[PDB]
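Protein chains: 4
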Amino acid sequence: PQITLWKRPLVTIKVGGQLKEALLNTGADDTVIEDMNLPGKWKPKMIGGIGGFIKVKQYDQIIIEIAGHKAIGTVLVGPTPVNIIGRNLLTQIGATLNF
Amino acid sequence: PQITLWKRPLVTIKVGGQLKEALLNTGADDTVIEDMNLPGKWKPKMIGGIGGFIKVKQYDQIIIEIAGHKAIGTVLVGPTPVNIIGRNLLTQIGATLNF
Amino acid sequence: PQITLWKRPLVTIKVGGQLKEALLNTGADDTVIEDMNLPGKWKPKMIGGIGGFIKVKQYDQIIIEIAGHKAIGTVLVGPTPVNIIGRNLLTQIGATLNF
Amino acid sequence: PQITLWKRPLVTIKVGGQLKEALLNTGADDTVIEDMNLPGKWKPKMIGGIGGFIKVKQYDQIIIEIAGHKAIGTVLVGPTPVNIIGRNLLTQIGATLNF
Ligand SMILES: CC(C)(C)NC(=O)[C@@H]1C[C@@H]2CCCC[C@@H]2CN1C[C@@H](O)[C@H](Cc1ccccc1)NC(=O)[C@H](CC(N)=O)NC(=O)c1ccc2ccccc2n1
Ligand SMILES: CC(C)(C)NC(=O)[C@@H]1C[C@@H]2CCCC[C@@H]2CN1C[C@@H](O)[C@H](Cc1ccccc1)NC(=O)[C@H](CC(N)=O)NC(=O)c1ccc2ccccc2n1
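So, in structure tokens, the structure goes:
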């Protein structure tokens, strides 16, 4: 798609077999999604940004569909108010910024 | 140009007559710049990042150049580790996210 | 051996009971072999090369012989144009880089 | 020096007068450096790996300091997450893979 930026870049994702909404975030290194029940092994990690850091669960090699594009990679699960797709999965689906 | 997301999409900006490096961010409408002495009228605002909420100063109709492309708009100034260009200004330079 | 690099460092490997040719790669974390029917359980994975990501099958604890050296480790199977031996298995044959 | 392969084989390099870290890569024909401003004439070229090919700037006769050893030859500049030193320069500094 050609995602425009007049509105929030919202897409449907599928994680843990469940459909959710998420925000495509070129300004995030990582992918972090709202606390959820997710199958798979995980380990603790901190991730940061404005206002400081939050503690999350780091799940490796998680299957996740982004607007119908398949990715399998690292998904952080924690206290974010919004599901954000970051560069680790944006690169997997071949996303670029263009102007 | 086209910018892959293998690395943070950092570009040079000009704001307040100064050159800075800034991150192109589809994930926020707001633009936030690290503390600096901009002239003119301002109002305080509270904004939320992943780690919590911060206080910024909001400056309106600020001239800003992004990767050589002219823009004018609202700039927030406060405690951010990285200069962040949000959707407000990204739309002015004709940026889209493509995959 | 002491392998000089005027040609690709290609060697014979044995995996799945089959002989194959593969490239010794200090630049790769993982080992990737062209699609083939290995027996047993596997996990999906996506790995990122210079031209993008490919989906692969991750087989763990796989018997593999590399240039006459026995090894046991993780082998990824998918659409690589060239069979690649990565650092995971290069450490088992005791490969070091000298200059 | 002699490097084991338990960690990524990163060394300090100098190219265009700038210090950078790069990966010593026996599994790469060519030397590919992340997009940067580099003086000199170049021509477009495609180079490939896992996932396909990318478009790069091919600079001839570029000087590159690799962990203190001088090497001169073809240097490709393009959209990669990692700087890699390939066989074309590894041969020049006498690099071998030993096991
Ligand atoms: C910029 C502002 C207006 C405050 N909006 C936001 O920050 C919103 C808030 C939303 C609700 C909370 C959870 C995140 C979403 C998305 N974010 C935008 C979102 O794009 C945000 C922008 C950003 C980038 C870099 C540094 C700071 C802030 N990115 C992030 O929060 C990601 C999170 C991550 N670990 O991937 N942070 C980083 O990628 C990042 C990069 C460098 C850093 C250096 C030092 C300290 C922290 C650093 N964090
Ligand atoms: C194997 C995997 C786990 C996916 N990791 C990687 O591929 C990482 C990714 C990193 C980030 C992007 C930039 C490259 C680095 C280093 N690479 C490893 C790196 O060692 C990689 C391994 C490889 C060799 C041959 C064929 C495919 C892949 N080599 C390369 O990507 C180099 C690039 C070059 N032109 O010099 N490719 C080749 O030397 C090469 C040789 C023969 C080929 C035949 C057909 C198609 C492509 C071919 N590419």
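Protein chains in written order, with the UniProt record's numbering: chain A, 1 to 99; chain B, 1 to 99; chain C, 1 to 99; chain D, 1 to 99.
The beta-carbon is built from N, C-alpha and C at its ideal position, and this holds for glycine as well.
For residue i, go through chain D and note every residue whose CB falls closer than 8 Å to its CB, in chain order.
i, result
"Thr4 (chain B)", "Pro79"
"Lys7 (chain B)", "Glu34, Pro81"
From which residue to which residue does the alpha helix (DSSP H) around residue i run?
i, result
"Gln92 (chain C)", "87–93"
Considering only heavy atoms of ligand 4, does any lie closer than 7 Å to the CB of residue i?
i, result
"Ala28 (chain A)", "For ligand 4, the structure offers nothing, since it holds only ligand 1 and ligand 2."
Excluding the 5 residues preceding and the 5 following residue i in the sequence, name in chain order all residues of the same chain whose CB lies nearer than 6 Å to its CB.
i, result
"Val82 (chain A)", "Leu23"
"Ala28 (chain D)", "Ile84, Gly86"
"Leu76 (chain C)", "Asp30, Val32, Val56, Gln58"
"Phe99 (chain A)", "none"
Could you give the residue range of the beta strand (DSSP E) that holds residue i?
i, result
"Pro44 (chain B)", "43–49"
"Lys14 (chain C)", "10–15"
"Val82 (chain C)", "It is not in any beta strand (DSSP E) - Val82 (chain C) carries neither H nor E in the DSSP assignment."
"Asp29 (chain B)", "Run containing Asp29 (chain B): none; DSSP gives neither H nor E here."
"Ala67 (chain B)", "That residue, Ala67 (chain B), is in no beta strand (DSSP E); it is neither H nor E in DSSP."
"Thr96 (chain B)", "96–98"
"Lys20 (chain B)", "18–24"
"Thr4 (chain C)", "2–4"
Excluding the 5 residues flanking residue i on each side, which residues of the same chain have their C-beta closer than 8 Å to its C-beta?
i, result
"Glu65 (chain B)", "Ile13, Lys14, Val15, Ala71"
"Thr74 (chain B)", "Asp30, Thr31, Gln58, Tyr59, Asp60, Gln61, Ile62, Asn88"
"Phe53 (chain A)", "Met46, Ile47"
"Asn37 (chain B)", "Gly16"
"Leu19 (chain D)", "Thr12, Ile13"
"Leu97 (chain A)", "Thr26"
"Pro1 (chain B)", "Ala67"
"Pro44 (chain B)", "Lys55, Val56, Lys57, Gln58"
Do we get a CB-CB distance below 8 Å when we pair residue i with the residues of chain C?
i, result
"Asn25 (chain D)", "yes"
"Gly68 (chain D)", "no"
Around the Cβ of residue i, are there at least 16 other Cβ atoms within 10 angstroms (buried) or fewer (exposed)?
i, result
"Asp30 (chain A)", "buried"
"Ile63 (chain B)", "exposed"
"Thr80 (chain A)", "buried"
"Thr91 (chain A)", "buried"
"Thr4 (chain D)", "exposed"
"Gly94 (chain D)", "exposed"
"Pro9 (chain D)", "buried"
"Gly51 (chain D)", "buried"
"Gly40 (chain C)", "exposed"
Identify the contact partners of residue i in chain D, using a Cβ-Cβ distance below 9 Å as the criterion.
i, result
"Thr91 (chain C)", "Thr4, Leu5, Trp6"
Could you check whether the Cβ of residue i sits closer than 8 Å to any Cβ belonging to chain B?
i, result
"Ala22 (chain A)", "no"
Against chain A, with Cβ distances strictly below 8 Å, would residue i count as a contact?
i, result
"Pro1 (chain C)", "no"
"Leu97 (chain B)", "yes"
"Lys57 (chain C)", "no"
"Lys41 (chain C)", "no"
"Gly94 (chain B)", "yes"
"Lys14 (chain C)", "no"
"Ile84 (chain B)", "yes"
Closer than 7 Å by beta-carbon distance: list the chain A residues that pair up with residue i, in chain order.
i, result
"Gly73 (chain C)", "Residues of chain A passing the Cβ test: none, with the nearest at roughly 17 Å."
Residue i versus chain A: which residues are under 9 Å apart at the beta carbon?
i, result
"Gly52 (chain B)", "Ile50, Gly51, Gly52, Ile54"
Quick one: list the residues of chain C neighbouring residue i, beta-carbon separation under 7 Å, in chain order.
i, result
"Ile62 (chain A)", "The premise fails here: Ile62 (chain A) is roughly 10 Å from chain C at the closest Cβ pair, so nothing lies under 7 Å."
Take residue i and list the residues in its own chain whose beta-carbon comes closer than 7 Å to its own, dropping the five residues that flank it on each side.
i, result
"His69 (chain B)", "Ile93"
"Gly78 (chain D)", "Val32, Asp35, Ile54, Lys55, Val56, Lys57"
"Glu21 (chain B)", "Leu10, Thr12, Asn83"
"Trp42 (chain B)", "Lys57, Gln58, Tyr59"
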